[PDB]
Amino acid sequence: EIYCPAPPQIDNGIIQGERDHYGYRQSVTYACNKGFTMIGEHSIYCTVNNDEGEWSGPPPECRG
Amino acid sequence: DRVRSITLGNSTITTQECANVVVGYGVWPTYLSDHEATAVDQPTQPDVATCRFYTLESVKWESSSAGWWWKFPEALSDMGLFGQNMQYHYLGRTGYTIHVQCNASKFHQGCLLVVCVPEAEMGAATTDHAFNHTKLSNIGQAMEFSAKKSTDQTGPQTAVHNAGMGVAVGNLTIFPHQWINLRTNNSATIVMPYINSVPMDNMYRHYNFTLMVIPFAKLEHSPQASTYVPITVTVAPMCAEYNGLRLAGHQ
Amino acid sequence: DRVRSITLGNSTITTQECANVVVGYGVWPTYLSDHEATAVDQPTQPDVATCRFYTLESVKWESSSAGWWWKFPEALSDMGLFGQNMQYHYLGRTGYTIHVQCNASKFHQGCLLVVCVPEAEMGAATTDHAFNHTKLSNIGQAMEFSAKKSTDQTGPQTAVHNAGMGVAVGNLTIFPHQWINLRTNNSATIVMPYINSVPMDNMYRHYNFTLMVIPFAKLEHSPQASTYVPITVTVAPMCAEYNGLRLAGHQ
Amino acid sequence: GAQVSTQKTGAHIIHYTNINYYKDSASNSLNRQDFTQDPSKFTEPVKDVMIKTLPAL
Amino acid sequence: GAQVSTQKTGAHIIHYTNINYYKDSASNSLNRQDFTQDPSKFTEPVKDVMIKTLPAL
Amino acid sequence: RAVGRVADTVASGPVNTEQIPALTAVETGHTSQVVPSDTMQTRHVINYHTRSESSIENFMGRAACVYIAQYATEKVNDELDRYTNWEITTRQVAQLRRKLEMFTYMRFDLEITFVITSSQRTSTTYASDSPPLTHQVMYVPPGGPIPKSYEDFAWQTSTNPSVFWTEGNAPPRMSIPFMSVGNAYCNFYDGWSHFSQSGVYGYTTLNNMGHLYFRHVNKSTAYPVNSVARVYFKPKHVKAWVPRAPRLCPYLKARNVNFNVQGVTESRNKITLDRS
Amino acid sequence: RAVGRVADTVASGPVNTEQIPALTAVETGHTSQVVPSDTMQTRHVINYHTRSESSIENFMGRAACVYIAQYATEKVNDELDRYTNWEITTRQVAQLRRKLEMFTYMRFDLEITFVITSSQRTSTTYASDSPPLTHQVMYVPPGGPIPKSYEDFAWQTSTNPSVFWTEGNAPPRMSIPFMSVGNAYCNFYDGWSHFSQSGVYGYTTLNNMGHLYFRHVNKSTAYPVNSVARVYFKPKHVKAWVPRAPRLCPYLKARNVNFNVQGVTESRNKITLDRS
Amino acid sequence: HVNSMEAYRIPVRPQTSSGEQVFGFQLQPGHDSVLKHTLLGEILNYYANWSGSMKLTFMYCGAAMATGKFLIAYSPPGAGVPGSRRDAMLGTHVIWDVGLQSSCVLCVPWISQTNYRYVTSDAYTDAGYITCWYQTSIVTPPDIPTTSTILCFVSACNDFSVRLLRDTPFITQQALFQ
Ligand SMILES: CCCCCCCCCCCCC/C=C/[C@H](O)[C@H](N)CO
Ligand SMILES: CCCCCCCCCCCCC/C=C/[C@H](O)[C@H](N)CO
C-alpha cells in the first residue's frame, strides 16, 4: 500500500481527527480557529496519479 | 405532469422535476422465453428479494469536475442478494433501471449528460501494457475521468473529451440517455433492457454496459451559495434470473 | 418396490433398500395461503436456488456410540443460498425432507431410531446455570449425546436414555420417524412440513424442530469386518419463502 | 332461541336444554359432546399406502 | 318477547337470549355490539375532495 | 365483510407511473390515506381483525371507582361524623377523569355500585357480639333538604331514592338515566358563571347533579366501627362528541383544570442511533 | 354406529393362505393395524364402549389449582405483605403442568375460580367482633401500572377487570378468551429471546400474560388475619396439536425444563418368570 | 429540549458529505420516548396489543428556494441498527424529493411473525427501527439561513387494531382530589 504524507499543516487552523497514516480517498479536515473567517473550503483528500502520492489541492487560509 | 413514482421491490422513488423515462432502445425488460434460451437447467427467479433500488455512494460535483463512470453489474456486486446470487451462479440475465439524481437550486447552473453505453471497451493509458481489473471498475466507488490525458502505466485512458472508448464524447447520444439540466431537470432515469449477443452470460468476466455521467456545462454558482452539490445514483435490477447453481465464486 | 428416487432442485437421491416415506403428520409441505398469512409484504420464493439436497458431514458409528442430534434450520445455516436468505430476512417458513443414510453389510448388525422432534427444548446439565448457544447446536457439526449423565457447567443434559428433553427415550415414536435396521433397511426418509404456531418466524432465535438419531441396538460385527461405518444426513428444504428484507444479520 | 340436544345415556326425557345467556363465546359451557377422532395421522403417516395383508417390503 | 342474536366468536350454539325485565331503558344491559365507524370526519375534513393519487396542490 | 372488520391489503406490482400516492400536502390539513400497497409490493393477506375493544361502549363500559366515603358509628370530628356526604362529581379520581376528558360532550346512562366495607376501630378491647350493620344511601337532588345530623327526619326518604344494605350480601346496584338539562354532559365549559364575566370559571358551574348521603341505620355499637363506602360508576349506552387531545400533565384540583407545566415527552441523549 | 364408538370384532375362520396380517415392518415407521380376528379365531361381539372420557374437552376440562397466594392484614415482611402478586403462569404446580406438556401447541378458553380462606393469626388473645372481610382481585395486563403498596390509587380498577368477594358466599368465577398473540399457546419454545442467540432460553420469553393482584378491601382488623387465595384454572373449548411424549422425571424450576436423570422404569430382578 | 417547541423540530442543514443520518428512533409506538406521548401514543397506551401498519408523514418547513432529497428507512429487527446509508438502503425505504408537494408518506408496513405486538415492549415482539439519511444534500441559493426544520407526523392506516384494555401508566395520583 502507498501512504499519503502527514502533511505539514496548517496556518491559523486546527486538526480534527488525526490518524498517522493517510491512504486512498481519505480526507483531512481543517477548521480555522475562533477569530478567523474562511477563504474557501475545508477538506482536501489524497489522490493517485503515479505510484507515489499525492495530495489533491492547495491548503486553505483564513483572514480574521 | 412533471411527477413520476417508481416502485420496485420493497422500495420506492419519487421525483418532482422529472423529464421523462427513456426505456432503452424501446424495450421493457422481460424474462427469457422458451425459444431464445440455451441452458437446459431450471432458473431461479427472485422477484422481490433482488429487484429493488440499491443506492450507491454519492459523488461530489466539483467546479473543476470531469466526469464519472460506473460499470454494471460489477458496480452492484456488494449490494444485497444481488451480490450473493452473482456468486452462487454461473450465468445471469437482467435489465436495469438507473436513476441519477442531483438537486442544487434555482441559483446554480450546470448540465450533465447521463448515458448508458453498452460494452464500453476502454483503451489503455500506456499502450503495450495490460491494465488492472480494478482501475476499470472497483466494487462500489465509481471511477473518475481526468481533465487532461492520462499518463498512467496500468490504467485506462481517462481523457473525458475522448470518452475513454476513443470516440468523440458528443457522439454518445445514440446510447439511451438523458440530461440533468439544473435550470429545468432534476433527475434522469433510463430503463435499460438486457443487451447482449448471448441469452445469459457470466456476471464477473463481463460488464454488460457502462453508465457514464459527464458535466458538459460546468457547475458555477455564487461564492456565497452552497459549495457542495452531490450526485447520487440509485440503480435497480429488473426481471433478473440466474442459472447453473454451483459453489461460491469468483476465482 | 424397494426403490425410490427423490429429485429436488438440481440434485437427486436414489435408494435401493428404502422402507417408505413418512410425510410428517400426514401433510405435504405447502406455501402460505392468503388467509393464514400475517405479514403484508411480498415474499421472495426461490424455487430451485434453495430447495435442494444439502448434505451435511458424515458422523462415525462407533461400537460404544450413544446418539447424535441436529437442530434445524440452524444446522443448515452455512449451506448455499439457504444461509444467505436466512441472513437478509427477518421471517422464514419452510418444510424439509430429511434423508439419513447408512449402509454397512449383510454381516453387520444394529438398529437406529431416526426421529424429527418438534421443539425439543433441552434441559441444563448443571441447573441454575444458563447454558451456551453453541453447546446446543453448532453450525455444521451435529452434537453428541453422552452414554451416562452429564456434569457440564454450561451444557445441555446429554444422557441418551432420557432423550435430552426429560422424557423416556422409547416414547419418541409419536414424532414422525423411521428406523435404519441394517438387517433390512438402509436409509430413512422423513418429509416434515412446517410445524409452528405462527405462520412465519425468525430463523436464528428459534429452532423449529430437532433431528435425533439414536442407536438402539448397537453396532456389532466381526473383528475382521469393516471397522468404520459412516452416517450421512442429506436434508433438503421444501416450499421455502422469506419475508421482510433488511440488511444482513444476525446480531 | 333454545337448543335441545341428546343426553349421555347408556346403551342396551333423554334431552336437555341450553340457553346461552352471555353475549360472548368464551362464556359458554364446556363442549363435552365432540367424539370425532382421526388417528391415521399418527398410525399411518406414510406416503405409499401399506395394505395390512400384503407384505410391507 | 324474546330476542336472539349472535355471540362474539373468533373467525377461522352461537346464539344468546336477552329478555328485558325492567320497564325503562336505562335499566338495559350494555350495548357491546355496535361496531359502526366513520373516520372521514377527522381524516378528510376538506371541502374539495382530494384523490390520493393526484397531487394535492 | 362484517362490521368493525379492518380492511385487508390488495396485491400490487412494480409500478412506474405518473401517480404519486406518497407525495401530499399537510398544509391542507388532510391526513394521508396511503395503503401499504401503494409504496411497495405487498401480497394479498386477509385481515380478520375486529375493532371490538375500541368502541365507546367497550371502552368506557368498565366500572371505575370515584369516591372513598368514610363514616363511623361514634362521632369524633366532622370528617368522621355519624353520617357523611359527597357532592356528585366524577373529577375526584385520576383514572376515570382522564377517560371522560378525552371527549368534549358525552351522553351516557350510568349504573352505580357501592362496595361498603366496615372495619373495627382500635380501642382497649374488641370482644363484642355485633348484629350485621345496615347502611342507607340517600340521593338528594339539587335543591333538596339535606340532613343536618343523624336522628333527623330528613332521612325518611319520602320521595328521594334510597337503598338499604345488610352486610354480607351482594353489592347494591341501581341504574341512572341521562340526568342533564342540556343535551350532553359538558366535560369542558370554557366560560364564566355570571353574565358580567365573573364568578367561577370552568365546568364547576355546570356540574349540578346533587349529593349522596351515607349513614348507618343501626343506632349503636358497643365498640365503634369505621365504615368505608366506595362508589363505582360505569357508563353505558354512551355517545361521545368532539374528541379532545388527551391530558399530559397530572391533575391538581377537583374543580379546576389547573396544572403545572412539564415537557412534552421523555428525553433521550442523542437524536440519531449508532450501531453497525 | 354412533360417534366415538369403538369398533367390534368380526367373525373369522381357520385360514391357510398367502395373506400375512401378522408380518410387517417397523422400519417403515408404521404401526400395525392387526385386528384380533386376523391372528386367531374370534366370534362376533358387539362393542358398545364409547371413547367419551378420552377427548381433550373431557380430559382437560377439570379444574386444577395453580397457585397458593398468601397475604395478610398487618405486614410482617414482603412475603406476607398487605397485598401480594402472582405472575400468571401454569407451570408452578406439578399436576396441571404435566397435562399441558402432553401437547406442544394448545388453544383453550379458560375459566378461573378463587377459593379464598381466611384464618386467624396466632396471638396472645383472639376475642373480637369482625365484619366479613372483602377481597379484591385485580388483573393487570402486561405493561400496566402495578400497585406499589396498599392505600394506593392504582387499585381504582379504572379499566382493569376486578372482582370483589364478601366472605361466606359462592366462589367467584370469570371466563377468559384465548389471550395469546400468536395462534396457539406454545407450551414449548425451543429457542432464545434475543436475536444473537442469547438472553433466556425456553418458554419464559413467550409467557407474557400479566399479573394478578390480591388484597383485602377492609382496612383494619383488631387482631390480624392471614388469608390464603387459591386459583383454579380450567380449560374449555380446547384444541391441541403435536402431542409430546409424557414427561418422566419430576420438575425442578417453574421457568426451565431442568431435570435430574433417572432410569426409564422400575427394575425387577430377572427378565424371565418361573412357576409351573 | 422537551421544555420548549424545539422538541418537534428536526433540523437539517447543507452537508459536507452525503449519507449522514438525519434522525433515528426505534419503532415502539407505545413505549419509545419519541412515540409514546403523541396522539398515537396516549390511545395505544390504554391497551396491551396492537396490529396493523402505520404511516410517517413528513413536511419540509424550509425556504421555498431550497432543495433536498432524503431516504427514510424502516428496517425489521433482525440485524440490529443500520449503520450507514448503504446498510439502510437494503430494507424498506422511500426516496423523498422536496418540490412543490412538500410532504412524503413513508408507510411503515406490518411484517411480523405474531398477529399482534405488545404495547409495552417485550423482546419476542420487537418491531424495528426508523431512520432517515441524507440522500444527496441541501442545496440553497445565497441569502438564505442554514438551519431548517422538518416536521414528522405519525398516523395509523386502515388496518390498525388494538386489544386487551388496561389502565394508562401516565396519570397517577396519591390521594383523592378535593
Ligand atoms: C340511590 C342512590 C342513587 C344515586 C343517583 C346518582 C346519579 C347522579 C349521577 C350523575 C351522572 C353524571 C355524572 C357527572 C358527569 C359530568 O358530566 C362530567 N364528569 C363533568 O364533570
Ligand atoms: C379478574 C381476574 C381475571 C384474571 C384474568 C387472567 C387471564 C390470563 C390467563 C392466561 C391463560 C393462559 C395461561 C398460560 C398458559 C401457557 O400457554 C402455557 N402454560 C405455557 O406455560
# chains A, B, ... in the order shown; residues from 1 in each chain; ligands from 1
>>> residues_around(residues="range 14-28 of chain A", least_positions_apart="3", cutoff="9 Å", atoms="only C-alpha atoms", output="NGL selection string")
:A and (1-6 or 9-11 or 31-33 or 42-48)
>>> write_last_selection(atoms="C-alpha atoms", output="compact mmCIF listing (two decimals), in the first residue's frame")
# COMPACT_ATOMS: atom_id res chain seq x y z
CA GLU A 1 0.00 0.00 0.00
CA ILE A 2 1.00 3.61 -0.62
CA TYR A 3 0.69 6.22 2.13
CA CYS A 4 -0.01 9.92 1.77
CA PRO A 5 2.09 12.50 3.68
CA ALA A 6 1.23 13.89 7.09
CA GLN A 9 -0.28 21.86 8.18
CA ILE A 10 -1.59 24.47 8.88
CA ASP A 11 -1.59 28.25 9.50
CA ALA A 31 -11.22 24.11 10.98
CA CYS A 32 -9.91 27.66 11.36
CA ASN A 33 -9.70 28.89 14.94
CA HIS A 42 -12.17 22.97 4.39
CA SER A 43 -11.39 19.38 3.41
CA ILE A 44 -8.89 18.12 0.85
CA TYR A 45 -8.20 14.44 0.16
CA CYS A 46 -5.47 12.21 -1.27
CA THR A 47 -5.13 11.24 -4.92
CA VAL A 48 -3.15 8.78 -7.04
>>> interface_residues(of="chain C", to="chain H", cutoff="10 Å", atoms="only C-alpha atoms", output="ChimeraX atom specification")
/C:37-42,87-92,197-205,243-251
>>> write_last_selection(atoms="C-alpha atoms", output="tab-separated table (two decimals), in the first residue's frame")
chain	number	residue	atom	x	y	z
C	37	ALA	CA	-50.68	-15.07	6.39
C	38	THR	CA	-49.89	-12.08	8.60
C	39	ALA	CA	-47.00	-10.15	7.03
C	40	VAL	CA	-48.29	-7.64	4.49
C	41	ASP	CA	-45.10	-7.54	2.43
C	42	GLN	CA	-44.44	-9.58	-0.70
C	87	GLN	CA	-29.35	-13.53	6.93
C	88	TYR	CA	-31.09	-10.96	4.73
C	89	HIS	CA	-34.60	-11.72	6.01
C	90	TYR	CA	-36.46	-11.38	9.29
C	91	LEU	CA	-39.00	-14.16	8.73
C	92	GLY	CA	-38.88	-17.59	7.14
C	197	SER	CA	-47.94	-21.83	15.99
C	198	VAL	CA	-47.09	-18.75	13.90
C	199	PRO	CA	-47.19	-18.63	10.08
C	200	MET	CA	-43.63	-17.27	9.74
C	201	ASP	CA	-40.98	-16.75	12.41
C	202	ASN	CA	-37.34	-15.82	12.80
C	203	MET	CA	-34.75	-18.38	11.71
C	204	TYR	CA	-31.97	-17.65	14.22
C	205	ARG	CA	-33.62	-17.36	17.63
C	243	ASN	CA	-40.24	-12.05	4.20
C	244	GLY	CA	-39.08	-8.65	5.37
C	245	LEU	CA	-35.82	-7.97	3.54
C	246	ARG	CA	-33.40	-5.95	5.65
C	247	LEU	CA	-29.60	-5.81	5.99
C	248	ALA	CA	-27.59	-8.92	6.82
C	249	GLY	CA	-27.92	-10.21	10.38
C	250	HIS	CA	-27.82	-11.82	12.73
C	251	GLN	CA	-26.95	-9.67	15.75
>>> select_by_dssp(residues="chain D", states="helix (DSSP H, G or I)", output="list in words")
residues 40, 41, 42 and 43 of chain D
>>> write_last_selection(atoms="N, CA and C atoms", output="PDB file, in the first residue's frame")
ATOM      1  N   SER D  40     -55.254 -41.748  11.889  1.00  0.00           N
ATOM      2  CA  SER D  40     -54.396 -42.168  10.793  1.00  0.00           C
ATOM      3  C   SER D  40     -53.248 -41.206  10.536  1.00  0.00           C
ATOM      4  N   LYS D  41     -53.228 -40.045  11.192  1.00  0.00           N
ATOM      5  CA  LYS D  41     -52.071 -39.165  11.079  1.00  0.00           C
ATOM      6  C   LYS D  41     -50.889 -39.706  11.862  1.00  0.00           C
ATOM      7  N   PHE D  42     -51.151 -40.424  12.948  1.00  0.00           N
ATOM      8  CA  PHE D  42     -50.103 -40.942  13.812  1.00  0.00           C
ATOM      9  C   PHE D  42     -49.842 -42.423  13.611  1.00  0.00           C
ATOM     10  N   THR D  43     -50.849 -43.182  13.187  1.00  0.00           N
ATOM     11  CA  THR D  43     -50.662 -44.607  12.963  1.00  0.00           C
ATOM     12  C   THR D  43     -50.163 -44.883  11.549  1.00  0.00           C
TER      13      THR D  43
END
>>> residues_near_ligand(ligand="ligand 2", cutoff="7 Å", atoms="only C-alpha atoms and all ligand atoms", output="list in words")
residues 88, 89, 90, 91, 100, 110, 137, 138, 139, 161, 162, 163, 174, 176, 179, 185, 186, 187, 203, 207, 209 and 212 of chain G
>>> write_last_selection(atoms="C-alpha atoms", output="mmCIF file, in the first residue's frame")
data_model
loop_
_atom_site.group_PDB
_atom_site.id
_atom_site.type_symbol
_atom_site.label_atom_id
_atom_site.label_comp_id
_atom_site.auth_asym_id
_atom_site.auth_seq_id
_atom_site.Cartn_x
_atom_site.Cartn_y
_atom_site.Cartn_z
ATOM 1 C CA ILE G 88 -49.535 -15.641 35.647
ATOM 2 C CA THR G 89 -48.007 -18.997 34.705
ATOM 3 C CA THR G 90 -49.421 -22.523 34.796
ATOM 4 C CA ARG G 91 -46.020 -24.104 35.466
ATOM 5 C CA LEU G 100 -50.342 -29.262 29.367
ATOM 6 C CA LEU G 110 -60.183 -20.508 30.456
ATOM 7 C CA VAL G 137 -58.512 -9.481 42.747
ATOM 8 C CA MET G 138 -57.221 -7.152 40.026
ATOM 9 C CA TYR G 139 -55.811 -8.434 36.733
ATOM 10 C CA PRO G 161 -61.040 -6.146 35.383
ATOM 11 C CA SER G 162 -61.518 -6.689 39.108
ATOM 12 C CA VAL G 163 -63.693 -8.993 41.185
ATOM 13 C CA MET G 174 -64.975 -15.387 35.358
ATOM 14 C CA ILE G 176 -61.177 -15.758 29.781
ATOM 15 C CA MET G 179 -55.416 -14.445 25.151
ATOM 16 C CA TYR G 185 -50.393 -21.380 23.345
ATOM 17 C CA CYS G 186 -46.823 -22.603 22.834
ATOM 18 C CA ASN G 187 -46.110 -24.878 25.775
ATOM 19 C CA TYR G 203 -40.758 -20.749 27.105
ATOM 20 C CA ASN G 207 -45.271 -16.379 28.720
ATOM 21 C CA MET G 209 -49.886 -12.925 30.325
ATOM 22 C CA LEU G 212 -52.860 -10.902 39.324
#
>>> residues_around(residues="residue 5 in chain H", least_positions_apart="6", cutoff="12 Å", atoms="only C-alpha atoms", output="PyMOL selection string")
(chain F and resi 263-265) or (chain H and resi 149+151)
>>> write_last_selection(atoms="C-alpha atoms", output="PDB file, in the first residue's frame")
ATOM      1  CA  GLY F 263     -42.030  18.603  28.948  1.00  0.00           C
ATOM      2  CA  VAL F 264     -43.898  17.015  26.084  1.00  0.00           C
ATOM      3  CA  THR F 265     -42.109  13.646  26.398  1.00  0.00           C
TER       4      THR F 265
ATOM      5  CA  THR H 149     -36.861  22.212  10.172  1.00  0.00           C
ATOM      6  CA  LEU H 151     -41.948  18.139  10.931  1.00  0.00           C
TER       7      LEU H 151
END
>>> interface_residues(of="chain B", to="chain A", cutoff="12 Å", atoms="only C-alpha atoms", output="list in words")
residues 59, 62, 64, 125, 135, 141, 143, 144, 146, 149, 150, 151, 152, 153, 154, 155, 158, 223, 224, 225, 226, 227 and 228 of chain B
>>> atom_distance(atom1="CA of residue 107 in chain C", atom2="CA of residue 217 in chain C")
14.7 Å
>>> select_by_dssp(residues="range 12-196 of chain G", states="strand (DSSP E or B)", output="PyMOL selection string")
chain G and resi 50+64-71+83-84+103-120+134-138+162-166+173-176+185-186+191
>>> residues_around(residues="residue 27 in chain H", least_positions_apart="4", cutoff="8 Å", atoms="only C-alpha atoms", output="ChimeraX atom specification")
/H:32,127-130
>>> write_last_selection(atoms="C-alpha atoms", output="PDB file, in the first residue's frame")
ATOM      1  CA  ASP H  32     -40.476   4.612  22.934  1.00  0.00           C
ATOM      2  CA  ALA H 127     -40.818  -4.141  15.782  1.00  0.00           C
ATOM      3  CA  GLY H 128     -37.863  -2.410  14.166  1.00  0.00           C
ATOM      4  CA  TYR H 129     -36.061   0.899  13.686  1.00  0.00           C
ATOM      5  CA  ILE H 130     -36.919   4.075  11.741  1.00  0.00           C
TER       6      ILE H 130
END
>>> residues_around(residues="residue 77 in chain C", least_positions_apart="3", cutoff="8 Å", atoms="only C-alpha atoms", output="ChimeraX atom specification")
/C:73-74,82-83,86,139-140
>>> write_last_selection(atoms="C-alpha atoms", output="PDB file, in the first residue's frame")
ATOM      1  CA  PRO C  73     -32.653 -24.645  10.403  1.00  0.00           C
ATOM      2  CA  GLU C  74     -29.595 -23.587  12.392  1.00  0.00           C
ATOM      3  CA  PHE C  82     -30.247 -21.039   2.436  1.00  0.00           C
ATOM      4  CA  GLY C  83     -27.690 -19.492   4.780  1.00  0.00           C
ATOM      5  CA  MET C  86     -31.551 -16.568   6.328  1.00  0.00           C
ATOM      6  CA  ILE C 139     -23.470 -24.649  12.683  1.00  0.00           C
ATOM      7  CA  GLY C 140     -22.416 -27.816  10.883  1.00  0.00           C
TER       8      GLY C 140
END
